[PDB]
>>> print(open('work_17.cif').read())   # mmCIF, C-alpha atoms
data_protein
loop_
_atom_site.label_atom_id
_atom_site.label_comp_id
_atom_site.auth_asym_id
_atom_site.auth_seq_id
_atom_site.Cartn_x
_atom_site.Cartn_y
_atom_site.Cartn_z
CA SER A 5 -64.55 191.18 273.77
CA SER A 6 -61.30 189.40 274.72
CA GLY A 7 -60.00 191.17 277.81
CA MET A 8 -56.36 192.16 278.23
CA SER A 9 -56.01 189.60 281.05
CA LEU A 10 -56.49 186.74 278.57
CA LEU A 11 -54.58 188.40 275.71
CA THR A 12 -51.49 189.01 277.88
CA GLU A 13 -51.62 185.35 278.98
CA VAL A 14 -51.65 184.31 275.32
CA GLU A 15 -48.67 186.62 274.56
CA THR A 16 -46.49 184.74 277.08
CA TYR A 17 -47.36 181.25 275.74
CA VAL A 18 -46.76 182.24 272.11
CA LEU A 19 -43.47 183.98 272.93
CA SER A 20 -42.25 180.98 274.99
CA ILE A 21 -41.69 178.96 271.77
CA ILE A 22 -39.76 181.75 270.00
CA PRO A 23 -35.94 181.77 270.29
CA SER A 24 -34.54 184.88 272.01
CA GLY A 25 -33.32 187.84 269.94
CA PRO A 26 -34.36 191.04 268.10
CA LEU A 27 -36.86 189.03 265.99
CA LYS A 28 -38.66 187.95 269.19
CA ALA A 29 -38.85 191.59 270.31
CA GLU A 30 -40.37 192.50 266.93
CA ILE A 31 -42.93 189.68 267.26
CA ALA A 32 -43.71 190.82 270.82
CA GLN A 33 -44.41 194.36 269.56
CA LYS A 34 -46.58 193.11 266.69
CA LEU A 35 -48.54 190.84 269.08
CA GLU A 36 -49.11 193.76 271.46
CA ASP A 37 -50.29 195.98 268.57
CA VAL A 38 -52.69 193.37 267.17
CA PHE A 39 -54.09 192.42 270.60
CA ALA A 40 -54.63 196.09 271.49
CA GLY A 41 -56.44 196.66 268.17
CA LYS A 42 -53.79 198.99 266.75
CA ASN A 43 -53.22 196.87 263.63
CA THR A 44 -55.98 195.12 261.64
CA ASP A 45 -54.03 194.54 258.41
CA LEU A 46 -54.07 190.73 258.28
CA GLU A 47 -52.68 190.52 254.72
CA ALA A 48 -49.52 192.44 255.65
CA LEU A 49 -49.18 190.50 258.92
CA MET A 50 -49.37 187.24 256.95
CA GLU A 51 -46.82 188.47 254.36
CA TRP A 52 -44.53 189.59 257.18
CA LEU A 53 -44.88 186.19 258.89
CA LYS A 54 -44.35 184.20 255.68
CA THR A 55 -41.13 186.10 254.87
CA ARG A 56 -39.60 185.87 258.38
CA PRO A 57 -36.35 183.91 258.80
CA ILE A 58 -35.46 181.61 261.74
CA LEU A 59 -39.06 180.75 262.73
CA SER A 60 -40.11 177.11 262.30
CA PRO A 61 -43.13 176.31 260.07
CA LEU A 62 -45.26 175.36 263.10
CA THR A 63 -44.32 178.59 264.94
CA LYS A 64 -45.45 180.56 261.86
CA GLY A 65 -48.69 178.52 261.78
CA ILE A 66 -49.41 179.31 265.44
CA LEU A 67 -48.69 183.02 264.93
CA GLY A 68 -50.86 183.08 261.79
CA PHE A 69 -53.70 181.37 263.64
CA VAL A 70 -53.39 183.83 266.54
CA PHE A 71 -53.38 186.89 264.25
CA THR A 72 -56.39 185.59 262.24
CA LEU A 73 -58.18 184.93 265.54
CA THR A 74 -57.62 188.45 266.91
CA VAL A 75 -58.13 190.52 263.72
CA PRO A 76 -61.85 191.20 262.91
CA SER A 77 -61.92 190.08 259.24
CA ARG A 83 -57.41 180.45 253.64
CA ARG A 84 -53.71 181.33 253.83
CA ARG A 85 -51.97 178.27 252.39
CA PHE A 86 -48.74 178.51 254.42
CA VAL A 87 -50.70 178.63 257.71
CA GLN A 88 -52.64 175.46 256.84
CA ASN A 89 -49.46 173.79 255.51
CA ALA A 90 -47.60 174.66 258.72
CA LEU A 91 -50.45 173.21 260.81
CA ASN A 92 -51.16 170.14 258.65
CA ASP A 96 -49.10 163.16 260.68
CA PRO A 97 -52.03 160.91 259.55
CA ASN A 98 -52.57 159.57 263.10
CA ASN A 99 -52.33 163.14 264.41
CA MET A 100 -54.98 164.27 261.92
CA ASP A 101 -57.37 161.47 262.98
CA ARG A 102 -57.26 162.48 266.65
CA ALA A 103 -57.69 166.13 265.63
CA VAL A 104 -61.34 165.58 264.62
CA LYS A 105 -62.20 163.94 267.97
CA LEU A 106 -60.47 166.80 269.78
CA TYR A 107 -62.23 169.42 267.64
CA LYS A 108 -65.62 167.87 268.53
CA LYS A 109 -64.65 167.98 272.23
CA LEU A 110 -63.54 171.63 271.94
CA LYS A 111 -66.86 172.64 270.30
CA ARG A 112 -68.52 171.68 273.61
CA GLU A 113 -66.08 173.65 275.79
CA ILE A 114 -66.56 177.30 276.77
CA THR A 115 -63.50 178.39 278.76
CA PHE A 116 -59.74 178.75 278.23
CA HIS A 117 -58.88 176.19 280.92
CA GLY A 118 -61.64 173.75 279.96
CA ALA A 119 -60.09 173.67 276.48
CA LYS A 120 -56.50 173.55 277.72
CA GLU A 121 -57.28 170.58 280.00
CA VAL A 122 -58.82 168.60 277.13
CA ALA A 123 -56.06 169.56 274.65
CA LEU A 124 -53.03 168.78 276.86
CA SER A 125 -53.77 165.02 276.66
CA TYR A 126 -53.17 165.15 272.88
CA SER A 127 -49.89 165.17 270.90
CA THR A 128 -48.36 168.35 269.42
CA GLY A 129 -49.14 167.03 265.91
CA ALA A 130 -52.81 166.46 266.77
CA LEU A 131 -53.03 169.93 268.34
CA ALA A 132 -51.53 171.53 265.21
CA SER A 133 -53.96 169.57 262.99
CA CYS A 134 -56.93 170.65 265.18
CA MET A 135 -55.75 174.29 264.84
CA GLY A 136 -55.89 173.68 261.06
CA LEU A 137 -59.48 172.43 261.39
CA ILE A 138 -60.51 175.49 263.44
CA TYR A 139 -58.63 177.92 261.12
CA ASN A 140 -61.06 176.88 258.36
CA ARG A 141 -63.98 176.93 260.82
CA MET A 142 -63.70 180.30 262.59
CA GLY A 143 -66.51 180.97 265.06
CA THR A 144 -67.25 177.28 265.73
CA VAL A 145 -65.41 177.46 269.07
CA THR A 146 -65.24 180.29 271.60
CA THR A 147 -62.24 182.63 271.44
CA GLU A 148 -61.16 181.38 274.89
CA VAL A 149 -61.34 177.77 273.66
CA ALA A 150 -59.29 178.62 270.55
CA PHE A 151 -56.72 180.32 272.83
CA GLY A 152 -56.75 177.32 275.22
CA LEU A 153 -55.76 175.10 272.29
CA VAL A 154 -52.99 177.51 271.18
CA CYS A 155 -51.59 177.71 274.71
CA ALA A 156 -51.75 173.93 275.16
CA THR A 157 -49.77 173.58 271.89
CA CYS A 158 -47.20 176.20 272.96
CA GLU A 159 -46.85 174.54 276.40
CA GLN A 160 -46.02 171.18 274.79
CA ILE A 161 -43.51 172.76 272.38
CA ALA A 162 -41.77 174.77 275.12
CA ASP A 163 -41.58 171.65 277.33
CA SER A 164 -39.93 169.72 274.47
CA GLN A 165 -37.31 172.48 274.06
#
>>> encode(input="work_17.cif", output="structure tokens")
Amino acid sequence: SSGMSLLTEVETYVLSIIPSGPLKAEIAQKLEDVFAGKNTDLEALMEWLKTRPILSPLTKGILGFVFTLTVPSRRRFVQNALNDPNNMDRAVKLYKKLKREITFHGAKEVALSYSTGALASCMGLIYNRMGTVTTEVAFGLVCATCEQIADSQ
């Protein structure tokens, strides 16, 4: 049900944290294919991600979250990338707040007042609790995380 308006917005946030190069172009193509519904093979996408050079653990965690979110129907490296104790403790409070949000921007507004670590940890929480927030809310969190990372670059 996620329209292309939202999905293209997400593409730009996710790509903003990736260093320029042929790898980024490959990720862009894969993102486009997954978002369009032209690739539903999550296992291969996860193996591809896991074996990629250059990308930071957190970048891989974000990508893994985004793929899992957009493919119809757990992965240890994703959780490990997203999982800091103080960041984890704020993640639960944020998660509870996000459960009550509906929209992309409602979620983004709430999330942006949290640290990158807390946002990553909250993504970890949601990764193991798919369907407990709206897709827009999950994307709002991703984009808030990407915004903070890009602004620290």
>>> resolve_selection(input="work_17.cif", expression="the PyMOL selection byres ((chain A and resi 83) around 7)", output="list in words")
residues 84, 85 and 140 of chain A
>>> closest_residue(input="work_17.cif", among="A:125, A:12, A:33, A:63", to="residue A:102", atoms="all atoms listed in the file")
A:125
>>> resolve_selection(input="work_17.cif", expression="the PyMOL selection byres ((chain A and resi 47) around 12)", output="number ranges by chain")
A: 43-46, 48-54, 68, 71-72, 75, 77, 83-84
>>> closest_residue(input="work_17.cif", among="A:88, A:126, A:121, A:74", to="residue A:41", atoms="all atoms listed in the file")
A:74
>>> residues_around(input="work_17.cif", residues="residue A:101", least_positions_apart="5", cutoff="9 Å", atoms="all atoms listed in the file", output="ChimeraX atom specification")
/A:96,130,133
>>> write_last_selection(input="work_17.cif", atoms="C-alpha atoms", output="JSON list (two decimals), in the frame of the given file")
[["chain", "number", "residue", "atom", "x", "y", "z"],
["A", 96, "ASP", "CA", -49.10, 163.16, 260.68],
["A", 130, "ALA", "CA", -52.81, 166.46, 266.77],
["A", 133, "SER", "CA", -53.96, 169.57, 262.99]]
>>> atom_distance(input="work_17.cif", atom1="atom CA of residue A:60", atom2="atom CA of residue A:161")
11.5 Å
>>> resolve_selection(input="work_17.cif", expression="the PyMOL selection byres ((chain A and resi 117) around 10)", output="ChimeraX atom specification")
/A:113-116,118-123,148-149,151-153,155-156
>>> closest_residue(input="work_17.cif", among="A:100, A:87, A:73, A:38", to="residue A:147", atoms="only C-alpha atoms")
A:73
>>> closest_residue(input="work_17.cif", among="A:89, A:9, A:144, A:164", to="residue A:65", atoms="only C-alpha atoms")
A:89
>>> closest_residue(input="work_17.cif", among="A:11, A:92, A:22, A:104", to="residue A:35", atoms="all atoms listed in the file")
A:11
>>> atom_distance(input="work_17.cif", atom1="atom CA of residue A:159", atom2="atom CA of residue A:20")
8.0 Å
>>> atom_distance(input="work_17.cif", atom1="atom CA of residue A:57", atom2="atom CA of residue A:134")
25.3 Å
>>> closest_residue(input="work_17.cif", among="A:27, A:14, A:21, A:91", to="residue A:39", atoms="all atoms listed in the file")
A:14
>>> residues_around(input="work_17.cif", residues="residue A:154", least_positions_apart="6", cutoff="9 Å", atoms="only C-alpha atoms", output="list in words")
residues 14, 17, 18, 66, 69, 70, 120, 131, 132 and 135 of chain A
